[PDB]
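**Student:** Please read through the structure below; I'll follow up with questions.
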Amino acid sequence: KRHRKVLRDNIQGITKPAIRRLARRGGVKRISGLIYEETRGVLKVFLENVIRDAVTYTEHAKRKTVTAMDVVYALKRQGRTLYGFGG
Amino acid sequence: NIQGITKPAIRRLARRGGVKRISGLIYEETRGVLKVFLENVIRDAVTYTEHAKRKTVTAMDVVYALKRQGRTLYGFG
Amino acid sequence: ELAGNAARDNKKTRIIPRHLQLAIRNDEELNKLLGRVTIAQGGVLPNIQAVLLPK
Amino acid sequence: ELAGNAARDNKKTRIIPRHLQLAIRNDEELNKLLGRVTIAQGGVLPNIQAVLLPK
Amino acid sequence: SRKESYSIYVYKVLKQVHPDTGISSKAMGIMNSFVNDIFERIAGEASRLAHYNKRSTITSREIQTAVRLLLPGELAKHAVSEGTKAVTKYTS
Amino acid sequence: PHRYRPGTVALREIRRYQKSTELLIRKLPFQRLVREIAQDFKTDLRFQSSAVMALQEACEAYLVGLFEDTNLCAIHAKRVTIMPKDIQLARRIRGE
Amino acid sequence: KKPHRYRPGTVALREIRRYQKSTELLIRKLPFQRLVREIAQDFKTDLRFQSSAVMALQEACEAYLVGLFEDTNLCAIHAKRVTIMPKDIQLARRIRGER
DNA sequence: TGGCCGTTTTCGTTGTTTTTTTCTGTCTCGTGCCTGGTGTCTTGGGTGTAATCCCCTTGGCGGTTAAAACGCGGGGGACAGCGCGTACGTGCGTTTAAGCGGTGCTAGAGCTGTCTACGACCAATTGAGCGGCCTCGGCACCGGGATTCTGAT
DNA sequence: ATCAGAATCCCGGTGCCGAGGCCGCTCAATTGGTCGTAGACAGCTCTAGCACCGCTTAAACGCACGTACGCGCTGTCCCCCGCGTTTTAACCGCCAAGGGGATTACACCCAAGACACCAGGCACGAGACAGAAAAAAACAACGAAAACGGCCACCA
């Protein structure tokens, strides 16, 4: 009965150097200034779809805690099977 | 027999795809791609035929093969 | 519903496969649902990239 | 088998997920079979496009 | 709280192929995920095969055909060889 | 004599072939190719007619989609002519 | 004497090698968690999350983005450029079939 | 001989790799146990097999015509080179919050017991849906005039 | 702007064949009843998710600065389009055969179900060593700069 500070503008936590590092893993050598906002949008869309499905599973089980298995099933049914989080 | 897929036919297909100008080397490349695609589908199709211990490939065999590669086809059920 | 509309635009009284393909591809949510479905004798949507037109 | 080979190439005696990812991506048929699978803590194969290296 | 996994069998196979090699807990978990994944794919494909031909029993024949559908080329041939040899040795 | 400029007839053909739906490859050579390829897996196979028509619908739809993506790749590089490297890029990104 | 200063690109390449050699997650844990909770709140209020669920989500997100950047880089190189731009991302996602 | 450019080397450095030392936790082995896997017997129905039939696939003949193949002129598009400017890479000082460690607490995950509503199953019923037959109108193809549109002038 | 020619649109006519309707029938959906069981609900435990505080420090951030890259422009040339002509084989129709797919009937063996049992596999504990971390170090690389070498200009 002591809830956290209302979440706002959290998209800004995806920092410029973090996206740069991810791009480095992808082999990108030079990065236009406009890339960052685009990346943020894409990421947000992806996340929305995943979290939507996960929460749907959570509600079907009449639980209030999203579990790792919920996420694994959501990802699996979108053709992005994830290994390592079973059991 | 690969040459029966003629140059003007591929041109017509490209027209449906919206292509306005076509390099001369495209045609041979396209043929190769087509061959690969066909092989895969047919490989699966004949497998279904063989599982049923039949000698005639049916339309349903093809539909199932296509479905399991994620290219669902409507109209032949 | 959508296929009937497309048929009426084409001044045809019978829905044919062409009208079904037009109906499905012109509706964002149906197109999403049937993104990986091929309608035999459906053709494609009329669509020319702007850069290809003259001037 | 492939993961053990990779482990010895890296002079490690215990197979870890990195070795599994390396093993999977370096074998064409396994890579085909697991084309849509993410190996947690796997990383990617070292790979730099030739055009990016200096002349 | 009893949770089954393939861990002990994975470990025995590992000792067959690399006597002096170990494995981390995470990797064993990944192996369990892998085994379950391939299991589900094969069983599901076999179910579809049985359904298409109006047979109510899944036999080793359905398993073999499913194996040919899912695995590419030489991997498929080798797996089929192993399965056939295993079934024939078992039958005697 | 009258002569249309390069591209006008191409555009006319684009409109023509996007308006209609008839199959664009000749039936018989396509069938011959199918039988030849089939022959390398199992001898003496026959085919139902509707199976071959289904295969033809699938092949042409697949190729049409590939050409749309190829065209987008060509235009991206500020060209208007599609080239083999465009096809290879499209196929790599699709994951084949 | 002049301070030592590598030419543009050297350090980028060294970073590519560095980050392709290792496997640790590259986004900060807590801001990512806050992002997830904010997005989740717009479907149902007061949800809680298991820790391993968030870690799984993070693995999925970063793997997805890494793949997107590989394809983006290939699209950029195709146009004889070396700098990736928004139109490259949009082409990559159009060809994948997400849009 | 003077100048300029290519190169080589050299020295500084610095970030990466390699070698050594402490630890530790994470992994390999032992133990006890119990329940899930194995042996046995039973039935029955699903699958294998045999005969038949017919329909529907393959092969051939012929024509004929539309489409494929080929030649050629040209134009416009691919492509290479060049200049520039600006956006982006690199480095440095600052700061902010990420992370870790501790402490609290309570919602809800998780397990158990009970029981009632509900679904499997079964017999009788019947009417909805399917196979078959018939017909007419929407559509398609033909032809001909009207209108549009494109390119050279 | 013009105009000619090619293409398209429209309007009407004829036909034709597939859509729509009708009728017999049959079996699949319906109803009523029975019985086992599964999941709905209550209730209890205790895990772990959340909240907070404090300290640290590494990452983020803003800015200065220099330059490599995107982009626009220009010239060139090549190869694809468009159009006319020749050829060929796709297509349509028509027929023949046989083979294989569908059907029905019979049989039997193989698997579900039940029971009885027991050993392998699975929590818990322990110890010990591979690897993580830290540190030193080697060291390989990058690249400024400079030192050398080589190349050219003039005319002698």
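As given, the protein sequences belong to chains A, B, C, D, E, F and G, one line each in that order.
So in our numbering, spot 49 of the first sequence is number 49, and the numbers just go up one at a time.
So in our numbering, spot 62 of the second sequence is number 149, and the numbers just go up one at a time.
So in our numbering, spot 39 of the third sequence is number 203, and the numbers just go up one at a time.
So in our numbering, spot 44 of the fourth sequence is number 263, and the numbers just go up one at a time.
So in our numbering, spot 73 of the fifth sequence is number 347, and the numbers just go up one at a time.
So in our numbering, spot 33 of the sixth sequence is number 399, and the numbers just go up one at a time.
So in our numbering, spot 83 of the seventh sequence is number 545, and the numbers just go up one at a time.
Even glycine gets a Cβ: it sits at the ideal position worked out from N, Cα and C.
Can you give me, in chain order, the residues of the stretch 61-73 of chain A that have a beta carbon less than 8 Å from any beta carbon in chain G?
**Tutor:** Here the close residues are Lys64, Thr65, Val66, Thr67, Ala68, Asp70, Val71 and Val72.
**Student:** Using a Cβ cut-off of 9 Å, pull out every chain E residue sitting near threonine 134 (chain B), in sequence order please.
**Tutor:** Start at 1 with the first residue of the second sequence, and residue 134 (chain B) comes out as number 47. Near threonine 134 (chain B) (Cβ distances below 9 Å), the residues of chain E are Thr339, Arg342 and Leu343.
**Student:** Let me check one thing: in DSSP terms, what residues is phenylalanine 505 (chain G) bridge-paired to?
**Tutor:** As a first step, residue 505 (chain G) must be located in the seventh sequence, where it is residue number 43. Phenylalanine 505 (chain G) is not bridged to any residue.
**Student:** Are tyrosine 57 (chain A) and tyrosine 36 (chain A) closer than 7 Å when you measure CB to CB?
**Tutor:** In the first sequence, the residue the question calls residue 57 (chain A) occupies position 57. In the first sequence, the residue the question calls residue 36 (chain A) occupies position 36. No; because the gap between Cβ atoms is not below 7 Å, this pair is not in contact.
**Student:** Can you name, in chain order, every residue of its own chain whose Cβ lies under 7 Å from the Cβ of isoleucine 31 (chain A), other than the five neighbours on each side?
**Tutor:** Here residue 31 (chain A) corresponds to residue number 31 of the first sequence, with the count starting at 1. Counting only Cβ-Cβ distances below 7 Å, and skipping sequence neighbours, we find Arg20 and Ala23.
**Student:** Within its chain, find whatever has a CB closer than 8 Å to the CB of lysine 64 (chain A); leave out the 5 residues flanking it on each side and keep chain order.
**Tutor:** Start at 1 with the first residue of the first sequence, and residue 64 (chain A) comes out as number 64. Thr58, listed in sequence order.
**Student:** Here's the rule I'm using: 16 or more other beta-carbon atoms within 10 Å means buried, otherwise exposed. How should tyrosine 383 (chain F) be labelled?
**Tutor:** Locating residue 383 (chain F) in the sixth sequence gives position 17, counting from the first residue. Classification for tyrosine 383 (chain F): buried.
**Student:** Taking DSSP's pairing of strands, which residues face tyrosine 161 (chain B) in a bridge?
**Tutor:** Looking up residue 161 (chain B) in the second sequence gives position 74. Note: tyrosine 161 (chain B) sits in a beta bridge opposite C:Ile203.
**Student:** How about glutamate 38 (chain A) and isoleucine 539 (chain G): are their beta carbons less than 7 Å apart?
**Tutor:** Numbered from 1 along the first sequence, position 38 holds the residue referred to as residue 38 (chain A). Numbered from 1 along the seventh sequence, position 77 holds the residue referred to as residue 539 (chain G). Contact: no.
**Student:** For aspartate 191 (chain C), which option in C:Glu165, C:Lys175 and C:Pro218 has the closest C-alpha, if you only look at C-alpha atoms?
**Tutor:** Counting from one through the third sequence, the residue named residue 191 (chain C) turns up at place 27. The candidate whose alpha carbon is nearest that of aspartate 191 (chain C) is C:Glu165.
**Student:** Taking any Cβ of chain G, which residues in the stretch 434-451 of chain F have a Cβ under 8 Å from it, in chain order?
**Tutor:** Cβ contacts with chain G: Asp435, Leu438, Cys439, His442, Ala443, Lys444 and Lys451.
**Student:** Considering only their Cβ atoms, is the gap separating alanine 146 (chain B) from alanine 417 (chain F) smaller than 7 Å?
**Tutor:** The residue you call residue 417 (chain F) lines up with position 51 of the sixth sequence. The residue you call residue 146 (chain B) lines up with position 59 of the second sequence. Cβ distance < 7 Å, so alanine 417 (chain F) and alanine 146 (chain B) count as in contact.
**Student:** When DSSP labels each residue in this structure, what does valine 72 (chain A) get in the three-state scheme?
**Tutor:** The residue given as residue 72 (chain A) occupies position 72 in the first sequence. Helix at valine 72 (chain A).
**Student:** Tell me the DSSP secondary structure of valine 106 (chain B) in three-state form.
**Tutor:** For this step, residue 106 (chain B) is matched to residue 19 along the second sequence. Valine 106 (chain B): coil per DSSP, three-state reduction.
**Student:** Using 7 Å as the limit for Cβ to Cβ distance, is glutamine 512 (chain G) near chain D?
**Tutor:** If you number the seventh sequence from 1, residue 512 (chain G) lands on position 50. Taking Cβ atoms only, chain D never reaches closer than 7 Å to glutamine 512 (chain G), which makes this a no.
**Student:** On the CB-based measure, 16 or more other CB atoms within 10 Å of its CB, does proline 346 (chain E) come out buried or exposed?
**Tutor:** Sequence index remark: in the fifth sequence, residue 346 (chain E) carries index 72 (1-based). Classification for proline 346 (chain E): exposed.
**Student:** Report the start-end ranges of each alpha helix (DSSP H) in the stretch 483-541 of chain G that is 4 residues or longer and not cut off at the edges.
**Tutor:** Listed in chain order, the complete alpha helix (DSSP H) runs (minimum 4 residues) inside the stretch 483-541 of chain G are 491-503 and 513-540.
**Student:** From the DSSP output, in three-state form, read off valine 66 (chain A) for me.
**Tutor:** Here residue 66 (chain A) refers to the residue found at position 66 when the first sequence is read from its first residue. Here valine 66 (chain A) sits in strand by DSSP.
**Student:** Check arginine 469 (chain G) in the structure and name its three-state DSSP category.
**Tutor:** Here the question's residue 469 (chain G) lines up with position 7 in the seventh sequence. If DSSP states are grouped into helix, strand and coil, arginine 469 (chain G) belongs with coil.
**Student:** Going straight from the alpha carbon of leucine 239 (chain D) to that of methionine 419 (chain F), what length do you get?
**Tutor:** On the fourth sequence, position 20 is the one that residue 239 (chain D) refers to. On the sixth sequence, position 53 is the one that residue 419 (chain F) refers to. Looking at the two C-alpha atoms, the distance is approximately 44 Å.
**Student:** Mind checking which residues open and close the alpha helix (DSSP H) that includes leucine 344 (chain E)?
**Tutor:** Stepping through the fifth sequence from its first residue, residue 344 (chain E) is reached at position 70. Unbroken alpha helix (DSSP H) run through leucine 344 (chain E): 334-344.
**Student:** Flag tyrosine 481 (chain G) as yes if its beta-carbon sits less than 7 Å from any beta-carbon of chain A, otherwise no.
**Tutor:** Numbered from its first residue, the seventh sequence carries residue 481 (chain G) at position 19. Closer than 7 Å to some Cβ of chain A, the Cβ of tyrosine 481 (chain G) qualifies, so yes.
**Student:** Count the C-beta pairs between the stretch 171-179 of chain C and the stretch 338-345 of chain E that are closer than 8 Å, then say yes if the count reaches three, no if not.
**Tutor:** Counting Cβ pairs under 8 Å, fewer than three are found: no touch.
**Student:** Assuming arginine 460 (chain F) is part of the alpha helix (DSSP H), what are its boundary residues?
**Tutor:** Within the sixth sequence, numbered from 1, the residue matching residue 460 (chain F) stands at position 94. Taken as a continuous stretch (DSSP letters only), the alpha helix (DSSP H) holding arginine 460 (chain F) covers 450-460.
**Student:** At 9 Å on the CB atoms, spell out the chain D contacts of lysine 300 (chain E), in chain order.
**Tutor:** As a working mapping, residue 300 (chain E) is identified with position 26 in the fifth sequence. Those are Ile235, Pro236, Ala259 and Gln260, listed as they occur along chain D.
**Student:** In the DSSP assignment, the alpha helix (DSSP H) including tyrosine 285 (chain E) goes from what residue to what residue?
**Tutor:** Position 11 of the fifth sequence, counted from the first residue, corresponds to residue 285 (chain E). Run containing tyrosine 285 (chain E): 281-291, per the alpha helix (DSSP H) assignment.
**Student:** Taking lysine 483 (chain G) as the reference, which of D:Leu264, D:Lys274 and D:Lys251 has the closest Cα?
**Tutor:** As a working note, residue 483 (chain G) is residue 21 in the seventh sequence. Looking at the Cα atoms, D:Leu264 is the closest of the given residues.
**Student:** Using a Cβ cut-off of 7 Å (strictly closer), state whether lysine 5 (chain A) contacts chain G.
**Tutor:** The residue given as residue 5 (chain A) occupies position 5 in the first sequence. No, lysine 5 (chain A) does not count as interfacial toward chain G.
**Student:** Any Cβ of chain D within less than 7 Å of the Cβ of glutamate 560 (chain G)?
**Tutor:** In the seventh sequence, the residue the question calls residue 560 (chain G) occupies position 98. Not one chain D Cβ lies under 7 Å of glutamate 560 (chain G).
**Student:** What did DSSP end up calling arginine 233 (chain D) once you bin it into helix, strand or coil?
**Tutor:** Here the question's residue 233 (chain D) lines up with position 14 in the fourth sequence. Residue state, collapsed to three classes: strand.
**Student:** Count the other CB atoms within 10 Å of the CB of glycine 84 (chain A); is the residue buried (16 or more) or exposed (fewer)?
**Tutor:** Mapped onto the first sequence, residue 84 (chain A) falls at position 84. Classification for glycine 84 (chain A): buried.
**Student:** With DSSP as the reference, label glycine 296 (chain E) as helix, strand or coil.
**Tutor:** By 1-based counting over the fifth sequence, the position of residue 296 (chain E) is 22. Strand at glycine 296 (chain E).
**Student:** Compare the Cα-Cα distances from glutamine 78 (chain A) to each of A:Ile51, A:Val6 and A:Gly26 and report the closest residue.
**Tutor:** Sequence index remark: in the first sequence, residue 78 (chain A) carries index 78 (1-based). For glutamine 78 (chain A), the nearest C-alpha among the options comes from A:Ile51.
**Student:** If you draw a straight line from the alpha carbon of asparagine 327 (chain E) to that of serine 299 (chain E), how long is it in whole angstroms?
**Tutor:** Indexing the fifth sequence from 1 puts residue 327 (chain E) at position 53. Indexing the fifth sequence from 1 puts residue 299 (chain E) at position 25. Near 43 Å, if we compare the C-alpha coordinates of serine 299 (chain E) and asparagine 327 (chain E).
**Student:** Taking buried to mean at least 16 other C-beta atoms within 10 Å of its own C-beta, is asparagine 266 (chain D) buried or exposed?
**Tutor:** Taking the first residue of the fourth sequence as position 1, residue 266 (chain D) is located at position 47. Answer is exposed; the Cβ neighbour count stays below 16.
**Student:** Do you know how far the Cα of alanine 350 (chain E) is from the Cα of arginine 182 (chain C)?
**Tutor:** Residue mapping note: residue 182 (chain C) aligns to position 18 of the third sequence, counting from 1. Residue mapping note: residue 350 (chain E) aligns to position 76 of the fifth sequence, counting from 1. Between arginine 182 (chain C) and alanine 350 (chain E), the C-alpha separation is close to 41 Å.
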